[PDB]
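Comments concern the structure below.
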Ligand SMILES: Cc1nc(C)c(C(=O)Nc2ccc(F)c(-c3nc4ncc(-c5ncccc5C)cn4n3)c2)o1
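Protein chains in written order, with my numbering: chain C, 42 to 270; chain L, 42 to 270; chain W, 17 to 218; chain X, 76 to 294; chain B, 990 to 1195; chain E, 990 to 1195; chain P, 4 to 221; chain D, 20 to 233; chain S, 857 to 1060.
And the structure:
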């Protein structure tokens, strides 16, 4: 499970994998971890699936009522605070890491990270899930703030493809969504079109010389690939 | 603890951090994880310190006797096989991950990885230690085989500086050594000259807007940095 | 802890030591094991000192309330059932108390033992505590109904003294109380070592 | 226990406390934790006093046997190797964290052995319970190529940080200085906690404690 | 489990016998304590267990039967009713917070025709009752350690129509057997008998 | 711990008394089994414990004393030697693979001047011995459950110079006390006495 | 998430509280650019070690209480010692519910001369000194502050105390695993608390004893 | 995480004829470090002639002090300004300690005050409330050091020498200072500075005494 | 635990040219006095005396081993084993079985016959030697004895005065302990003579 959100000028870009696994078996290979709360606020949920689904739908049911009552759009701080409160008074029973990202006309685009513990940190870019730790040292190197909308979604897809290539718990479709002043737009690039994969990476084409032929010299010359040879 | 080895045309480049920690306290902040076995074969050791030190010195004592007996230089396969055998019949009692790298006139430069389990995989570049997992998705992106000697040590120092910046268990000096046809050459760049650090990275200069002033509008405007304000 | 009380023709005799050991360290050598509930009932303290003190003080409040309402003294059989119910309600909260209620109601003297699980027995010879196993030996072989008050008091004193001498959890000051129809009186209160040179002289 | 070692201009300076506690109670107030290994090798020890004394005496006799054999002064790498072999053979059950320091033809040498067998060679080392409060001082005040007086001030100060801020250490400062020729071991280099509120010497005129029967035996 | 309760029904009486042992971990508190508690004029209960639960449960049962008799103007209840009502408390206790009444009982009684219209049982009744709430009408039952030794003993010697004196001698045999084969000191045995006249404390055997 | 061994020394004899109880978890296997094993003509040992360890340890000790007497042409060993030699096996057992001899003993004997040059002890000896290897010369000792009850009892009544008959009556008192205050069925007590004539099986008291 | 260590010291006229700006997730340095010093009311400031959620909730709950009390009624705002007392009582009350507020806090404040510096654990323990430190700063940093206090008990100066704060932050960086070299110093004087911009303390890694040949175990 | 902790320290009182000398060491230590050397949260004054000195966990005694102070204030308001006696305060504290019997306080307490006839008396409690009135007494980690010393100079047992005169304020103060200077040299958790409270009839006075800081 | 099974306490104090070693008398089984007349002291020659403490079976086993070894020493080497050699010997004996440890905690006191130097020692159960200049103490009443001694002892005490402090400390310390008591036995040994004294204690 890998989820991430990156903020740019206009709004935010959410990206995530699509695979729920039972430890070592792919239960669902086309899952959807980007849950909408409002029209312009989404959440990427990681950890357990039942707990985060209950939380997402409870908070979205709250947000629908607040917005109808006040009659004007909802900030992202509201939704992030609701999530933090809930995931804080259930912190012993649930294992739920949330990334709440959205756009409001007041403060532009915003990304909040609510980890397992239950805190709430408002960031410029957030990562989460079991396969995240492979992305930190990817963002420290290849990421610069102030990107455009298109280059942002390209970088997000690239980050997720580098995260689920090495991680076992992650994989499948790459699902991204862009939230900004215009309509929120979605995109799902499959695995057979991903911007990276360790099978098509030409540095992993030549194999490790492990099966040495029974030979007379100590020169290593590659594997033994047939019985005659 | 982060250690790595990268192979180029002439020979190999070993890099490692220098910090042994007692979980959350820096026991030794100038350690040396590059242990020489022969003049041209070195090992980076990770995991426990007592076990890997005993193994390194036992294997080097074996290698000194074999080389004196036969009267000619030792391959790297010999040392890697000795390490694999030892770390395999102690696999329950020790936690020791080794990276044996060296140069022999027969097969050029060679790098073997002997993980915790006790296998032995002959690779083109090896990573190891607790802080390694941050380097995989760094090597998949910024690494291309066929580098020169100088660009290789630059890439190795950069990789280690990106690994110990985010990892808590790693840090301190960056110790590299180059093993090739010429004399084996060493280098130790301090922390106040490292090619990367999250304090001098200008994307981590502006702080997270966490301490909002008690205000009247929902516009976010940064932290509260004084009592008057 | 060593506590004993036996019934004879002439009343009831209670006798106690005065030491409270917290494992292997002696907290004090002057603990008062006989908690005079009222002017007519005597309760003894064995086990948890906190639990015994508290619940016997509650029982001494309830006996006084009973007397106020009905205008007659409470009897031992009912004053002992109160404590048995109190203790049985908390049989699963980890109390540690075994006490002995000894009184002289309008049916002659009565002596009950009330445990920490609600047990409530009525016999004429009890000795609770950790040194109790040393009292019985010297108590069973000298006890008979027709003892003179001084002879029976001496039996009780010489029986506690032998429990204080062989046991590490008992000792201090041996004290002997007497329960007759008029109330109760502290017979004697003497150090455990001044007794040693009085029973085994030379 | 708090043991520190500082490599100075020419030689080494080792320091330790003196209080030895047997299970939350100060047993002895002037125990000596700077053992002897050779005419030029000293060895402070922390942890269980049993093993710290046992292994030190063992390898100290072995080194003497050896230098009688060869005839040369003994090298600190030999002592360090013997100690680390013995300690690693027992998987840390021999719980003695040692600070081994001497002077050779190769200049000073100061290493530390964890109870598991791992060794580190550093400019300064600290072991014991107040090893975190003493190291804090050395990091803040260690400059290179200090004179003997500066090394002794620094070791005394680094010990007085464990003396006052750790419960399992204190009451004195042992400071030994090793050079190429000599090795001078001053015991009471600093005694901060001085003897306050003098005793009242309660008087009991002999005989107050009764006696039953006495047999005196002349010799 | 230490204190054994023997009970057997004959034609015109029930006999019960309860070891009056009372102990503290190994110290004999007493060797004479009446463990056979009489409920009504024709019924009795032999309980075995710790003293706390035994006394509390028996007092509760006795008070409830007495209250019911008050609420019916001197109408005695039959033995099936008292047995089922004891069993109901014993059973509902194991699914409460306070837990089980760790006490096993033998309910004995003699059913007397209460009126002219009455057409119920006239004979004696014995009911074996476990602590979990088991309830079974038996010809003879035994509880505790010696429970086995005497049970077999009764199979060899019990007959449906033993008289009073042969009941006495059979109880003597069972009691001496329990004394001879159990490690626990069960010396005094407290024999009582239920007959159409009520309950009678048999003094000879013990 | 169930079976109690009482032993007390007087001026010209030692008495021991061993409850002959033998049990299986609660079933009395037997109420008469001789637990007082005689080693030499003037020494005996009262062991208490499981039957396996008791019999094996006592047979081992007896065979080794007999062999030593053979290797010395009829030279009897004193009681300090036998006591220390028993204690040595008991103590070395707790640091072996097979573990401790879970048996507690009272060693009683009467030391007789073996020759004209002999100037050793002439009086009786009693030695309390724990299972861990403790060894202490006592005036009176007791093992098992009743061990406490009688110990206090002996402090009140024991005198250095009791005769044979007062020893009989004191042993009767202690034995009846153990029977009256212990929950365990200790009915038969197997009293033996060591005097300058040897060992004598006292039949009256039990 | 969990903060690092905090240290604090009283000088002649005010208080100084330094803390690194980093939140870790176990061994991973997650967020290196977040502010850990909060300031409550217009006289006091707080900083917590350990879990961040608990500190974030507790500081919010004690910052709602101050502003409401002052806004509803015409009363003076709570002094440092009283808002700290309320903080301590709330932490203890959360602990009795087996719902601990698992963070050791350091609390500073100044109101017209009476300068206040206290610390509170999570089990309910509270104390007050002239030098406080939580996390690992209680072992590494605190001895240095105590000696720098006792070497001149008349009272440090502001610069003479900032010096030793830098000298202890340096060692905390050296010897604490989960720490980075970017700190913040909140200075509380009579006017009021004032948080400084992040700064870095210089280090030294060029001892000769660290050379490759010397540290070698061949 | 366990909700308990022992913050060391020790206290000790000696009751005289018309006074009581209470003493508590001012030292607060946490898990392995040393929080403070100026901890004054041991000896808490309830009424002008009554004090409670408690050791153990620091949060629990800071809580129990407030509970006792409010109970004393209620008693004062209901009884028309009548400040309770030492006996009443001691019984009240036992009752309070036993109510929290299942999640107890981790304190060991002493209620030190003056009786009605003028004589001074001390009380000593366990963790659950086993009170016992007595004439001296020490609690804390340094109990088994100070207790046998006072037992030997006050009770004057095991000495065939006629009992000395009755000890006054100065002599008792000096004896207690001896005991604390001796306990500060063998206990690792005891002694940075002790505070003495001399409770007499014309009010109370207070003194400090400095120990070794190691 | 296991070291407080048999009870017992020993304590040694150094005078000017002398020293006194005193022990309690009680032998029990973790609560119940087995016997009340067993001292803990063993004399090896006219200038050494040591007392063991711990489990009683290990006290006796170790005393047998130490006597075996001392008699063997006096035979091979024709001389009385001195104090320091004796303490180092039993330290090595204790550390030999380091993972099968003895449960004793010996307390050695010794004096030089002609020189006049006193020497006290008190090892742990695993061999850690600890030689102070004033006094040692071991057993169940360790802390109480420490407290009494650190207050009663002063540098230059004479024999007839040192015996007083020793007796008072042992009595007042065993009074606050449930696993010691029943009188005491003291041995005050000087350069010229050795004296044994039984001290009346509470029969509690
Ligand atoms: C009729 C009758 N016959 C007997 C023999 C008894 C009896 O024993 N009733 C009884 C009931 C409840 C108790 F809780 C106790 C009881 N007495 C004690 N004395 C001392 C210590 C102790 N103190 C400090 C440290 C260690 C210990 C073991 C513990 N306990 N527990 C005793 O009743």
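Note that CB positions come from ideal geometry on N, CA and C, so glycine has one too.
At a cut-off of 7 angstroms, the beta-carbon of residue 129 of chain L does not count as near ligand 1: no heavy atom of the ligand is closer than that. Here DSSP, grouped into helix, strand and coil, assigns residue 167 of chain D to helix.
For residue 30 of chain W, the secondary structure class from DSSP, reduced to helix, strand or coil, is strand.
By the beta-carbon neighbour count (other beta carbons within 10 angstroms, threshold 16), residue 130 of chain L is exposed. Looking at the DSSP output, residue 1117 of chain B sits in a beta bridge with B/1095, B/1125. Rounded to the nearest angstrom, the gap between the Cα atoms of residue 94 of chain X and residue 246 of chain X is 6 angstroms. For residue 1050 of chain E, the uninterrupted alpha helix (DSSP H) segment begins and ends at 1040-1059. Rounded to the nearest whole angstrom, the C-alpha separation of residue 1161 of chain E and residue 109 of chain D is 53 angstroms. Within 9 angstroms of the CB of residue 163 of chain D, the CB atoms of chain W belong to 41, in sequence order along the chain. Nearest neighbour of residue 119 of chain P by Cα position, chosen from P/128, P/109, P/127, turns out to be P/109. Beta-bridge analysis with DSSP links residue 275 of chain X to no other residue. Counting of Cβ neighbours within 10 angstroms places residue 127 of chain W among the buried residues, the total reaching 16 or more. Between residue 1017 of chain S and residue 150 of chain D, the alpha-carbon positions lie close to 40 angstroms from each other. Residue 53 of chain L sits close to residue 144 of chain L, with the two beta carbons spaced by under 8 angstroms. Annotated as distal: residue 183 of chain W and residue 113 of chain W, with beta-carbon spacing of 8 angstroms or more.
Using a C-beta cut-off of 8 angstroms, the stretch 214-232 of chain L makes no contact with the stretch 44-62 of chain P, since fewer than three inter-stretch Cβ pairs fall below that distance. By the neighbour-count criterion, in which a residue is buried when 16 or more other Cβ atoms sit within 10 angstroms of its Cβ, residue 146 of chain L is exposed.
When C-beta distances to chain E are compared with 7 angstroms, the residues of the stretch 1156-1176 of chain B below that value are 1170, 1171, 1172, 1173, 1174, in chain order. The DSSP-derived three-state label of residue 146 of chain P is helix. Within the stretch 75-131 of chain D, no beta strand (DSSP E) run of at least 3 residues lies entirely inside it. Annotation for residue 1184 of chain E: 1001, 1002, 1099 place their beta carbon closer than 7 angstroms to its own, counting only its chain and skipping 5 residues before and after.
Per DSSP, reduced to three states, the secondary structure at residue 898 of chain S is strand. For residue 65 of chain P, the shortest C-beta to heavy atom distance toward ligand 1 is 7 angstroms or greater. Closer than 8 angstroms at the C-beta level to chain S, one finds these residues of the stretch 183-212 of chain W: 183, 184, 185, 187, 188, 208, 209, 212. Residue 1055 of chain B sits exposed, since fewer than 16 C-beta atoms from the chains shown fall within 10 Å of its C-beta. Here the alpha carbon of residue 88 of chain D sits roughly 39 angstroms from the alpha carbon of residue 188 of chain P.
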